[PDB]
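**Q** The structure follows.
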Amino acid sequence: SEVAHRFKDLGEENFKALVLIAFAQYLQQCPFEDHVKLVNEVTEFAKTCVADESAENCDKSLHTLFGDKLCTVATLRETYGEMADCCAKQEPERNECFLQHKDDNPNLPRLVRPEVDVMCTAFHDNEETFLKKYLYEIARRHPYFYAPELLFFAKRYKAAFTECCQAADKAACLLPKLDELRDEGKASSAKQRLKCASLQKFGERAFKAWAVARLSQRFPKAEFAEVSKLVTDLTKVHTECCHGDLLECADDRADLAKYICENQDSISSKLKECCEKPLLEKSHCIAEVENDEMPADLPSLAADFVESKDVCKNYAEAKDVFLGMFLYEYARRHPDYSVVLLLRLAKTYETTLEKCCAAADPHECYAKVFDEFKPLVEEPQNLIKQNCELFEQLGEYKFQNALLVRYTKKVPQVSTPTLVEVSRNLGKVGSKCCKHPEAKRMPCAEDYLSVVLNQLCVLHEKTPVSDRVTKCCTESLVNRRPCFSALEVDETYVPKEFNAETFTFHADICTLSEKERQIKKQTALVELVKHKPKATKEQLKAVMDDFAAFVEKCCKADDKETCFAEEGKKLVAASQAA
């Protein structure tokens with residue numbers, strides 16, 4: 001009985017909660033009230049199996065069980081359309097299908113939060129339904145959210161309400177909290193999508209190279225045998241979470257947090273503090289702790305990898321073991337390199353041994369490897385340096401604007417919603433990393449960038465429109481940023497004259513937040529570029545400022561919606577002329 005074993009391992013509580021997330025990530029357009037019953041039904045089942053492993057269907061694979069239930073409601077296409085065909089199939093082709101349909105940008109109502117009073121009440125009336133509703137939405141909206149981590153945010157989102165609802169000034173206690181979780185969930189979300197993308201599009205070897213270089217930077221004191229085992233289990237944890245096996249993905253992520261802690265001394269010292277915390281906080285901590293200190297006396301790399309006359313011999317026997325070794329070593333000494341930079345050097349190295357380990361004399365041709373690493377190391381350091389400066393000058397909002405134009409000119413074929421989302425996020429690299437010593441910037445930076453880019457890649461992949469995007473995204477995971485950074489203004493671009501309406505801002509813009517308002521301004525910026533790419537100097541940065549004026553002005557003209565529309569009509573003529 002697997003659901004019984006799993007049920008035992010996680011406790012009714014988290015079992016039940018994880019079940020809701022699996023379903024809600026498989027069937028996103030499905031109603032909460034429905035997901036609630038199905039989970040209730042699966043939960044009621046689980047229990048009979050705990051009381052008797054020999055019961056009726058207690059021997060089924062979780063997917064079999066989990067899919068028949070999902071299908072008691074998926075088989076209706078006048079509501080769910082395409083999803084019905086997976087229910088036509090069987091495990092494992094059916095689960096395989098389900099995953100194949102997870103929507104990255106569902107056509108879902110934008111979630112708005114009710115007043116603080118409204119919320120705090122609901123919260124007291126029934127905290128369970130209140131939090132169920134949360135897990136539900138966060139999950140239907142972010143189909144690849146790391147199941148285990150979601151249970152953590154859940155915990156944190158609960159205490160916000162508990163604490164803040166007793167507080168004297170509820171709204172002031174709370175608001176900033178819901179703002180922190182919302183903000184930090186998105187980042188989590190994005191980060192995991194990248195782990196699944198790895199696995200799924202590029203495969204396990206890809207992911208392993210990442211986990212090797214990553215753990216190694218974080219645990220430079222840990223042995224390879226050690227770091228290797230962690231890399232194996234970390235890989236199983238994300239495989240399961242990314243291929244829909246969420247209960248066991250949590251069960252295993254627990255075990256790892258336990259092992260790590262149990263073998264604390266041999267991994268890292270910065271761990272002490274996480275290993276005393278409650279299970280969900282211990283895995284989050286461990287998952288996000290800082291890098292340990294580097295060993296006092298570590299050799300010179302060149303010795304075993306470029307000087308040793310038995311490098312090719314060693315590389316040939318077990319390449320992947322020897323190659324992990326290089327990365328592990330190379331990584332541990334440079335926590336100032338982006339992980340993708342690291343993997344780029346491993347890849348240079350690998351191919352460098354393929355070529356050299358067959359040439360007559362091997363020693364003389366690979367003797368130059370680190371010489372090849374060099375240009376690979378400058379470019380990124382020079383790009384973060386360049387984009388940080390621009391940041392201190394323009395400030396965030398404007399910076400994003402510059403990146404919008406930059407990326408819009410680059411990949412014009414792309415949906416506006418997207419260019420506005422990805423570019424605002426690309427933009428956010430400035431406030432995240434430029435506040436670090438020239439040492440910490442590259443790992444913070446480039447990696448941030450990759451997580452942003454993989455966001456595009458998946459939003460674009462849905463509805464593919466530009467080939468250069470598909471190219472840069474499919475060509476190799478490790479070279480995306482360099483790829484996009486390299487692209488230049490698409491001259492093939494066939495613009496769209498000028499829309500009469502899409503530049504008519506409406507009075508209600510005055511009631512939205514200053515965040516959204518920038519998103520409205522920015523969206524039109526994007527549209528601008530998509531009509532006049534050819535010549536767009538500072539002049540653009542100038543036409544944008546009018547609209548900001550136009551809004552600030554017309555939002556306070558005591559008009560009858562008049563000047564908002566009527567000024568717009570004159571100003572759209574002003575922008576078309578210029």
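Order determines the names: the first chain of the structure tokens is A, the second B, and so forth; residues in each chain are numbered 1 upward, and ligands are numbered 1 upward as they are shown.
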I'd like to know which residues of segment 334-438 of chain A are alpha helix (DSSP H) (by DSSP, run on the backbone); could you write them as number ranges by chain?
**A** A: 339-356, 362-366, 369-394, 396-410, 416-427, 429-433
**Q** Would you kindly return, as a VMD selection string, each protein, DNA or RNA residue with an atom no farther than 10 Å from any atom of residue 80 of chain A, considering only C-alpha atoms and excluding same-chain residues fewer than 3 positions away?
**A** chain A and resid 27 to 30 73 to 77 83 to 84
**Q** Would you mind exporting the chosen residues as a CSV table (one decimal), in the first residue's frame, restricted to N, CA and C atoms?
**A**
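Produced file result_29.csv, reproduced below:
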```csv
chain,number,residue,atom,x,y,z
A,27,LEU,N,-5.3,20.0,-12.8
A,27,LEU,CA,-6.5,20.6,-13.3
A,27,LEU,C,-6.7,22.0,-12.7
A,28,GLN,N,-6.1,23.0,-13.4
A,28,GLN,CA,-6.1,24.4,-13.0
A,28,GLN,C,-7.4,25.2,-13.1
A,29,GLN,N,-8.2,24.9,-14.2
A,29,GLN,CA,-9.4,25.6,-14.4
A,29,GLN,C,-10.5,25.0,-13.5
A,30,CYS,N,-10.2,24.0,-12.8
A,30,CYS,CA,-11.2,23.3,-11.9
A,30,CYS,C,-11.5,24.1,-10.6
A,73,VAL,N,-14.0,14.1,-13.0
A,73,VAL,CA,-14.4,15.4,-13.3
A,73,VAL,C,-13.7,16.0,-14.6
A,74,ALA,N,-12.6,15.4,-15.0
A,74,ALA,CA,-11.9,15.9,-16.2
A,74,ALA,C,-12.6,15.6,-17.5
A,75,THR,N,-13.4,14.5,-17.5
A,75,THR,CA,-14.0,14.0,-18.7
A,75,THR,C,-15.2,14.9,-19.3
A,76,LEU,N,-15.2,16.1,-19.0
A,76,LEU,CA,-16.2,17.0,-19.4
A,76,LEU,C,-15.5,18.2,-20.2
A,77,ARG,N,-15.6,18.2,-21.5
A,77,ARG,CA,-14.9,19.2,-22.3
A,77,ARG,C,-15.6,20.5,-22.5
A,83,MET,N,-8.3,18.3,-21.8
A,83,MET,CA,-8.0,17.4,-20.7
A,83,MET,C,-8.6,16.0,-20.8
A,84,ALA,N,-9.7,15.9,-21.4
A,84,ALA,CA,-10.5,14.7,-21.5
A,84,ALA,C,-9.8,13.5,-22.1
```
**Q** Name all residues at most 9 Å from residue 66 of chain A (count only C-alpha atoms; drop same-chain ones fewer than 5 positions away) and give them as a list in words.
**A**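 The residues that qualify are residues 19, 22, 23, 42, 61 and 71 of chain A.
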**Q** Since we have the selection now, will you write its residues out, keeping N, CA and C atoms, as a PDB file, in the first residue's frame?
**A**
```pdb
ATOM      1  N   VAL A  19      -2.152  16.551  -1.581  1.00  0.00           N
ATOM      2  CA  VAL A  19      -3.120  15.981  -2.502  1.00  0.00           C
ATOM      3  C   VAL A  19      -3.826  17.141  -3.216  1.00  0.00           C
ATOM      4  N   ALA A  22      -1.530  18.549  -5.880  1.00  0.00           N
ATOM      5  CA  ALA A  22      -1.313  17.731  -7.072  1.00  0.00           C
ATOM      6  C   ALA A  22      -2.488  17.976  -8.002  1.00  0.00           C
ATOM      7  N   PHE A  23      -3.692  17.739  -7.492  1.00  0.00           N
ATOM      8  CA  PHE A  23      -4.891  17.927  -8.273  1.00  0.00           C
ATOM      9  C   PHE A  23      -4.948  19.333  -8.843  1.00  0.00           C
ATOM     10  N   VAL A  42     -10.196  10.944  -1.600  1.00  0.00           N
ATOM     11  CA  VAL A  42      -8.917  10.261  -1.628  1.00  0.00           C
ATOM     12  C   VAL A  42      -8.428  10.076  -0.183  1.00  0.00           C
ATOM     13  N   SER A  61      -0.919   2.178  -7.712  1.00  0.00           N
ATOM     14  CA  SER A  61       0.111   3.192  -7.680  1.00  0.00           C
ATOM     15  C   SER A  61      -0.640   4.473  -7.445  1.00  0.00           C
ATOM     16  N   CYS A  71     -10.138  12.263 -13.095  1.00  0.00           N
ATOM     17  CA  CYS A  71     -10.991  11.997 -14.259  1.00  0.00           C
ATOM     18  C   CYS A  71     -12.491  11.901 -13.978  1.00  0.00           C
TER      19      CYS A  71
END
```
**Q** Just the residues within 10 Å of segment 174-191 of chain A, please, counting only C-alpha atoms, with nothing from its chain fewer than 2 positions along; format it as JSON, numbers by chain.
**A** {"A": [113, 115, 116, 120, 138, 139, 141, 142, 143, 144, 145, 146, 149, 150, 153, 154, 156, 157, 159, 160, 161, 162, 163, 164, 165, 167, 169, 170, 171, 172, 193, 194, 195, 196, 425, 447, 448, 450, 451, 452, 453, 454, 455]}
**Q** Just N, CA and C atoms for this one: save the residues we selected as a CSV table (one decimal), in the first residue's frame.
**A**
```csv
chain,number,residue,atom,x,y,z
A,113,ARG,N,-7.2,40.9,-3.4
A,113,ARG,CA,-7.5,40.6,-2.0
A,113,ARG,C,-8.5,41.6,-1.5
A,115,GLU,N,-10.6,43.5,1.7
A,115,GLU,CA,-10.2,44.4,2.8
A,115,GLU,C,-9.6,43.5,3.8
A,116,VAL,N,-8.9,44.1,4.8
A,116,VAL,CA,-8.3,43.4,5.8
A,116,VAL,C,-9.4,42.8,6.8
A,120,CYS,N,-9.7,38.9,7.7
A,120,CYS,CA,-9.5,38.4,9.1
A,120,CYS,C,-10.7,37.6,9.6
A,138,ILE,N,-2.5,29.6,-5.3
A,138,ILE,CA,-1.1,29.6,-5.5
A,138,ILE,C,-0.6,28.5,-6.5
A,139,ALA,N,-1.2,27.3,-6.2
A,139,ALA,CA,-0.9,26.1,-7.0
A,139,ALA,C,-1.5,26.0,-8.4
A,141,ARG,N,-2.2,28.5,-10.1
A,141,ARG,CA,-1.5,29.6,-10.8
A,141,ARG,C,0.0,29.3,-11.1
A,142,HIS,N,0.6,28.5,-10.3
A,142,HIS,CA,2.0,28.1,-10.5
A,142,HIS,C,2.1,26.7,-10.5
A,143,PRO,N,1.7,26.0,-11.6
A,143,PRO,CA,1.7,24.5,-11.7
A,143,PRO,C,3.0,23.8,-11.4
A,144,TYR,N,4.1,24.4,-11.2
A,144,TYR,CA,5.4,23.7,-11.0
A,144,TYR,C,6.0,24.0,-9.6
A,145,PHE,N,5.2,24.7,-8.8
A,145,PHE,CA,5.7,25.1,-7.4
A,145,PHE,C,6.1,23.9,-6.7
A,146,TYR,N,7.2,24.0,-6.1
A,146,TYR,CA,7.8,22.9,-5.3
A,146,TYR,C,6.9,22.6,-4.1
A,149,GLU,N,7.8,23.2,-0.4
A,149,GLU,CA,8.0,24.7,-0.1
A,149,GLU,C,6.6,25.3,0.0
A,150,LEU,N,5.7,24.9,-0.8
A,150,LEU,CA,4.4,25.5,-0.7
A,150,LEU,C,3.8,25.3,0.7
A,153,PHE,N,5.2,28.2,2.9
A,153,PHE,CA,4.6,29.5,2.7
A,153,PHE,C,3.2,29.4,3.4
A,154,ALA,N,2.5,28.3,3.2
A,154,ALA,CA,1.2,28.1,3.9
A,154,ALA,C,1.3,28.4,5.3
A,156,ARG,N,3.5,30.2,7.0
A,156,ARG,CA,3.8,31.6,7.1
A,156,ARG,C,2.7,32.5,6.8
A,157,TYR,N,1.9,32.1,5.9
A,157,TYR,CA,0.7,32.9,5.5
A,157,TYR,C,-0.3,32.8,6.5
A,159,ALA,N,0.3,32.4,10.0
A,159,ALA,CA,0.7,33.2,11.1
A,159,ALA,C,0.5,34.7,10.9
A,160,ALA,N,0.6,35.1,9.6
A,160,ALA,CA,0.4,36.5,9.3
A,160,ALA,C,-1.0,36.9,9.8
A,161,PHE,N,-1.9,36.1,9.4
A,161,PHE,CA,-3.3,36.3,9.8
A,161,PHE,C,-3.6,36.2,11.3
A,162,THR,N,-3.0,35.1,11.8
A,162,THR,CA,-3.2,34.9,13.2
A,162,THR,C,-2.7,36.1,14.0
A,163,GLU,N,-1.4,36.3,13.9
A,163,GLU,CA,-0.8,37.5,14.5
A,163,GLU,C,-1.5,38.8,14.2
A,164,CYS,N,-1.4,39.2,12.9
A,164,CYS,CA,-2.0,40.5,12.5
A,164,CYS,C,-3.5,40.7,12.7
A,165,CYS,N,-4.3,39.7,12.9
A,165,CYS,CA,-5.7,39.9,13.2
A,165,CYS,C,-6.1,40.3,14.6
A,167,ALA,N,-3.7,42.1,16.3
A,167,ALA,CA,-3.1,43.4,16.4
A,167,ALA,C,-4.1,44.6,16.3
A,169,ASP,N,-3.4,47.7,14.9
A,169,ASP,CA,-3.5,48.2,13.6
A,169,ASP,C,-3.3,47.0,12.7
A,170,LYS,N,-4.4,46.3,12.4
A,170,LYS,CA,-4.4,45.1,11.6
A,170,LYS,C,-3.8,45.4,10.2
A,171,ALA,N,-4.5,46.2,9.5
A,171,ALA,CA,-4.0,46.6,8.1
A,171,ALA,C,-2.5,46.9,8.0
A,172,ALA,N,-1.8,47.4,9.0
A,172,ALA,CA,-0.4,47.8,8.9
A,172,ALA,C,0.5,46.7,9.2
A,193,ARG,N,10.6,26.2,-11.6
A,193,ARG,CA,10.3,26.0,-13.0
A,193,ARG,C,11.6,25.7,-13.7
A,194,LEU,N,12.6,26.5,-13.3
A,194,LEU,CA,13.9,26.3,-13.9
A,194,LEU,C,14.5,24.9,-13.6
A,195,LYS,N,14.2,24.4,-12.4
A,195,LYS,CA,14.7,23.0,-12.1
A,195,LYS,C,14.0,22.0,-12.9
A,196,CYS,N,12.6,22.2,-13.1
A,196,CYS,CA,11.9,21.2,-13.9
A,196,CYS,C,12.4,21.4,-15.4
A,425,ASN,N,11.0,42.1,-14.6
A,425,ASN,CA,11.8,41.1,-13.8
A,425,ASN,C,13.3,41.1,-14.1
A,447,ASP,N,22.7,34.2,-12.5
A,447,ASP,CA,21.8,33.2,-12.1
A,447,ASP,C,20.3,33.8,-12.1
A,448,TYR,N,20.2,35.0,-11.6
A,448,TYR,CA,18.9,35.7,-11.5
A,448,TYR,C,18.5,35.8,-13.0
A,450,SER,N,19.2,34.0,-15.6
A,450,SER,CA,18.8,32.7,-16.2
A,450,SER,C,17.3,32.4,-15.8
A,451,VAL,N,17.0,32.5,-14.5
A,451,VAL,CA,15.7,32.2,-14.0
A,451,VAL,C,14.6,33.1,-14.7
A,452,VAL,N,15.0,34.3,-15.0
A,452,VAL,CA,14.1,35.3,-15.7
A,452,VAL,C,14.0,34.8,-17.1
A,453,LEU,N,15.1,34.5,-17.8
A,453,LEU,CA,15.0,34.1,-19.2
A,453,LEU,C,14.2,32.8,-19.3
A,454,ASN,N,14.4,31.8,-18.4
A,454,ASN,CA,13.7,30.6,-18.6
A,454,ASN,C,12.2,30.8,-18.4
A,455,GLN,N,11.8,32.0,-17.9
A,455,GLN,CA,10.5,32.4,-17.7
A,455,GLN,C,9.9,32.7,-19.1
```
**Q** Counting only C-alpha atoms, figure out which residue out of A:208, A:132, A:333, A:532 gets nearest to residue 577 of chain A.
**A**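 Residue with the minimum atom-to-atom distance to residue 577 of chain A: A:532.
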**Q** Leaving out segment 284-298 of chain A and any residue of its chain fewer than 6 positions from it, which residues lie within 8 Å of it when counting only C-alpha atoms, given as a list in words?
**A**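 What passes the distance filter is residues 149, 152, 217, 218, 219, 220, 221, 257, 268, 269, 270, 271, 274, 332, 333 and 335 of chain A.
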**Q** May I have the selected residues written with N, CA and C atoms, as a PDB file, in the first residue's frame?
**A**
```pdb
ATOM      1  N   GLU A 149       7.826  23.235  -0.373  1.00  0.00           N
ATOM      2  CA  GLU A 149       7.985  24.656  -0.085  1.00  0.00           C
ATOM      3  C   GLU A 149       6.644  25.334   0.039  1.00  0.00           C
ATOM      4  N   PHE A 152       5.355  25.353   3.368  1.00  0.00           N
ATOM      5  CA  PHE A 152       6.040  26.292   4.230  1.00  0.00           C
ATOM      6  C   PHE A 152       5.396  27.675   4.131  1.00  0.00           C
ATOM      7  N   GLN A 217      29.605  24.953  -4.108  1.00  0.00           N
ATOM      8  CA  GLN A 217      29.938  26.344  -3.778  1.00  0.00           C
ATOM      9  C   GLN A 217      29.473  26.624  -2.388  1.00  0.00           C
ATOM     10  N   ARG A 218      28.344  26.026  -2.071  1.00  0.00           N
ATOM     11  CA  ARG A 218      27.743  26.197  -0.771  1.00  0.00           C
ATOM     12  C   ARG A 218      28.453  25.352   0.336  1.00  0.00           C
ATOM     13  N   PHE A 219      28.993  24.193  -0.036  1.00  0.00           N
ATOM     14  CA  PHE A 219      29.674  23.295   0.905  1.00  0.00           C
ATOM     15  C   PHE A 219      31.113  22.995   0.441  1.00  0.00           C
ATOM     16  N   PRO A 220      31.957  24.029   0.326  1.00  0.00           N
ATOM     17  CA  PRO A 220      33.319  23.774  -0.123  1.00  0.00           C
ATOM     18  C   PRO A 220      34.173  22.865   0.756  1.00  0.00           C
ATOM     19  N   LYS A 221      33.719  22.627   1.978  1.00  0.00           N
ATOM     20  CA  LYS A 221      34.467  21.752   2.871  1.00  0.00           C
ATOM     21  C   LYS A 221      34.105  20.283   2.674  1.00  0.00           C
ATOM     22  N   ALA A 257      16.828  16.347   4.407  1.00  0.00           N
ATOM     23  CA  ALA A 257      17.088  17.380   5.402  1.00  0.00           C
ATOM     24  C   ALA A 257      17.599  16.667   6.657  1.00  0.00           C
ATOM     25  N   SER A 268      28.783  21.117   6.054  1.00  0.00           N
ATOM     26  CA  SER A 268      29.018  22.555   6.285  1.00  0.00           C
ATOM     27  C   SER A 268      28.757  22.921   7.741  1.00  0.00           C
ATOM     28  N   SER A 269      29.261  24.071   8.160  1.00  0.00           N
ATOM     29  CA  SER A 269      29.093  24.530   9.529  1.00  0.00           C
ATOM     30  C   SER A 269      27.976  25.549   9.676  1.00  0.00           C
ATOM     31  N   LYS A 270      27.592  26.188   8.572  1.00  0.00           N
ATOM     32  CA  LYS A 270      26.561  27.211   8.626  1.00  0.00           C
ATOM     33  C   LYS A 270      25.213  26.558   8.864  1.00  0.00           C
ATOM     34  N   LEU A 271      25.200  25.231   8.891  1.00  0.00           N
ATOM     35  CA  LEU A 271      23.963  24.480   9.071  1.00  0.00           C
ATOM     36  C   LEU A 271      23.418  24.452  10.483  1.00  0.00           C
ATOM     37  N   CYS A 274      19.728  25.630  11.198  1.00  0.00           N
ATOM     38  CA  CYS A 274      18.566  25.087  10.508  1.00  0.00           C
ATOM     39  C   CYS A 274      18.177  23.759  11.116  1.00  0.00           C
ATOM     40  N   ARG A 332      34.010  24.871  -5.906  1.00  0.00           N
ATOM     41  CA  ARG A 332      34.310  25.158  -4.508  1.00  0.00           C
ATOM     42  C   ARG A 332      35.253  26.317  -4.213  1.00  0.00           C
ATOM     43  N   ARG A 333      36.183  26.563  -5.132  1.00  0.00           N
ATOM     44  CA  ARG A 333      37.159  27.638  -5.004  1.00  0.00           C
ATOM     45  C   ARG A 333      36.655  29.005  -5.484  1.00  0.00           C
ATOM     46  N   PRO A 335      33.134  30.808  -5.423  1.00  0.00           N
ATOM     47  CA  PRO A 335      31.710  30.982  -5.182  1.00  0.00           C
ATOM     48  C   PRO A 335      31.353  32.365  -5.715  1.00  0.00           C
TER      49      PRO A 335
END
```
**Q** If we count only C-alpha atoms and set the cut-off at 10 Å, which residues sit around segment 349-351 of chain A, ignoring sequence neighbours fewer than 5 positions away in its own chain? Please answer as a list in words.
**A**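 Near neighbours after the sequence-gap exclusion: residues 305, 315, 319, 320, 323, 326, 327, 343, 344, 356, 357, 366, 369, 370, 372 and 373 of chain A.
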